[PDB]
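# Chain and residue survey
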Amino acid sequence: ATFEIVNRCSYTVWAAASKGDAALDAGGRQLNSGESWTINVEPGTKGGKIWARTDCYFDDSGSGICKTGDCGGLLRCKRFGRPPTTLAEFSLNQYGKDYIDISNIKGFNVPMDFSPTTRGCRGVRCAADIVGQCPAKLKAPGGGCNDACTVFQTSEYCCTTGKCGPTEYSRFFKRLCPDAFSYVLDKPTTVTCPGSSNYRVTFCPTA
């Protein structure tokens, strides 16, 4: 499946793509403002995620640090990134279908649109100014808006017991972006696409 990842932000981002125990394609690449990077993701990929990382420095071997979404200091991500990270999430060819969503469960760093480029389903978007509006206690001094689990480590925010409800913090993300997951048990905003769709992830789709 092809994912065209496009940076419409006015700032550079370093895109990242992983399924948590492996890179997808090269796993990561710098995208200057306006650049597009097309990756190939193997059919059947379960639990893949794409995100942006901001304010990164890499040496000549691809080792360094990002202020948001760092994946163990690598340019080419092999694991998931450090919160806060707006997440494009997808499981492909799952009994005939693809499933996509955007999630703020790990916080928010960069706005995103995640849309099929082939027929038969709608895209999802979380493009509101969540960093500018972020509640004081969730603001990440590093950049971005953390989710309450990352900040407070409680069963209720982390849904550790499987039994949690919405909270004042989850409701903030859900108010600014109704079309993304705001906590683990949020009412699903997952979109079902034809098996083997192709997609485009656009960072800063409205700015």
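See the structure above.
In this report, the structure presented in the accompanying data block is examined.

Thresholds applied
- Residues numbered from 1 in each chain as written, not as in the entry; some residues may be left out.
- Heavy atoms only, no water.
- Pairing = 2+ DSSP bridges.
- Helix = DSSP H or I, 4+ residues; strand = E, 2+ residues; numbered from the N terminus.
- Axes fitted to C-alpha atoms, helices over the stretch in contact; angles between N-to-C directions.
- Disulfide = S-S within 2.5 Å.
- Buried < 20%, exposed > 50% of the residue type's maximum accessible area, 1.4 Å probe, protein only.
- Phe/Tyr/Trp six-rings, centres within 6.5 Å; stacked < 30°, edge-to-face > 60°.
- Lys NZ or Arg CZ within 6 Å of the ring centre and 35° of its normal.
- Core = buried A, V, L, I, M, F, W, Y, C linked by side-chain atoms within 4.5 Å.
- Salt bridge = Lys/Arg side-chain N within 4 Å of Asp/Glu carboxyl O.

For the rest of this paragraph, the subject is the sheet that holds strand β1 (residues 2-7). Ordered by their spatial adjacency, 5 strands build an open sheet running β4-β1-β12-β9-β10, and the pairing between neighbours is mixed. Since the sheet does not close on itself, it has two edges, and those belong to β4 (36-40) and β10 (124-126), each with one partner. Put simply, the sheet's adjacent strands are angled 15 degrees from each other on average, direction ignored. Direction of pairing for strand β9 (residues 112-116) relative to β10: antiparallel, over a ladder of 3 bridges. The partner of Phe114 across the bridge, within β10, is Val124.

Taken as a whole and judged by the stated rule, the model has 8 disulfides. The partner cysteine of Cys149 in its disulfide is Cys158, sulfur to sulfur 2.1 Å. The S-S bond linking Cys149 to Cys158 shows a torsion near 100 degrees; that makes this disulfide right-handed. The partly exposed category is assigned to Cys158, whose relative accessible area is 21%.

In this section: the packing of aromatic side chains. With the rule as written, the count across this model stands at 10 aromatic pairs. Their ring planes at 70 degrees and their centres at 6.1 Å tell us that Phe90 and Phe114 sit as a pair that is edge-to-face. Here the residue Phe90 occupies a position in strand β7 (residues 87-94), and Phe114 occupies one in strand β9, the gap between them amounting to 24 residues. Judged by relative accessible area, which is 0%, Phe114 ranks as buried. By the ring-pair criterion, three or more aromatic residues cluster together here, those being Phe3, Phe90, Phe114 and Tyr199. Sitting over the face of the ring of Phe80, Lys49 holds its NZ or CZ atom 5.2 Å from the ring centroid.

Time to look at the nonpolar core. Counting 41 residues, the largest nonpolar core has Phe3, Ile50, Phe90, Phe114, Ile130 and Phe203 as the members making the most contacts within it. Per-element tally for this core: the top contributor is helix α4 (residues 168-176), with 4 residues.

What follows concerns the pattern of salt bridges. Using the criterion set out here, one finds 7 salt bridges in the structure. Notably, a salt bridge pairs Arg29 with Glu35, separated by 3.4 Å at the nearest N-O pair. Between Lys174 and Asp186 there is a salt bridge, with the nearest N and O atoms lying 3.1 Å from each other. Separated by 12 residues along the polypeptide, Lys174 in helix α4 and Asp186 in the loop between α4 and β11 (191-194) bring together distant segments of the chain. Looking at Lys174, the relative accessible area reads 22%, which means it is partly exposed.

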